[PDB]
């Protein structure tokens, strides 16, 4: 019942992000250091320092769009995928998902077929057609089929509507996705597939209500590239990292 536990880990993790310390430790863009080595006091001091550099908070808003740099964040796609990837895969050696090796000319089916049946993997996807970054979680399930789940956030603006990571995880975080559809989505040929096929693959895999009327294929960059990278993880280490972060610490 790894699936049931996974669901609970993800749920308590997401609920804790209303907490200042949890939020800042989760959503930070330093990737060369261990996620769990992040100090929420120091992060807060770094923001204070930056705001001072800018001549105070009301000035800081003027020159950077109006954002209160102390506010808690809900992350854009690259930031959610990069950090949840580190959360899942790290133990005591830092991993920088921005620097790992990506595969550009491999089909997803080809790649998954090479993965150890007894290992958990997470795949980070950098999708140029969509302009989107997201994760595919492939936990090993005992006497069960190879099963895939999506983890993502999206501020919107492309083919897909906006979705917060918290909402995504709450509605679809334990919803298995077709490796078949994923293989089709992730192929080179995806750019040439009919409107209705593209719209339905997208809605089915990436839209929170699986609603094809919520998908705008006119925003696709049909010449965009697809790259992806996979990495094993220890399930208990994942739980352990998330518990720590949720510990409002």
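Residue numbers count along the first chain shown, from 1.
Task: Mean C-alpha B-factor comparison - 96-104 and 167-175, higher one - done: Here the higher of the two C-alpha B-factor means belongs to 96-104.
Open item on the list: On mean Cα temperature factor in this entry, is 190-198 or 60-68 the higher one?
Closed with: Comparing averages over the C-alpha atoms only gives 60-68.
- [ ] Sort 88, 150, 115, 79 by C-alpha B-factor from the entry and give me just the highest.
- [x] Answer for 88, 150, 115, 79: 115, with the highest C-alpha B-factor.
Open item on the list: Highest Cα temperature factor in the entry, among the options 159, 73, 122, 84: which one is it?
Closed with: Top of the list by C-alpha B-factor: 73.
- [ ] Divide the modelled residues of the chain into thirds by Cα B-factor and specify which third, lowest, middle or highest, holds residue 239.
- [x] Its C-alpha B-factor belongs to the lowest third of this chain's values.
TODO: Tell me, lowest, middle or highest third: where does the Cα B factor of residue 17 rank within its chain?
DONE: Within its chain, residue 17 is a highest-third residue by C-alpha B-factor, going by the deposited values.
Task: For residue 222, the third of its chain into which the C-alpha B factor falls - done: Ranked within chain, residue 222 CA B lands in the highest tercile.
TODO: Sorting the chain's modelled residues by C-alpha B-factor, tell me whether residue 52 ends up in the lowest, middle or highest third.
DONE: According to the entry, residue 52 has a C-alpha B-factor in the chain's highest third.
Task: residue 204, C-alpha B-factor rank within chain (lowest, middle or highest third) - done: Its C-alpha B-factor, which the entry lists for residue 204, ranks in the lowest third among residues of this chain.
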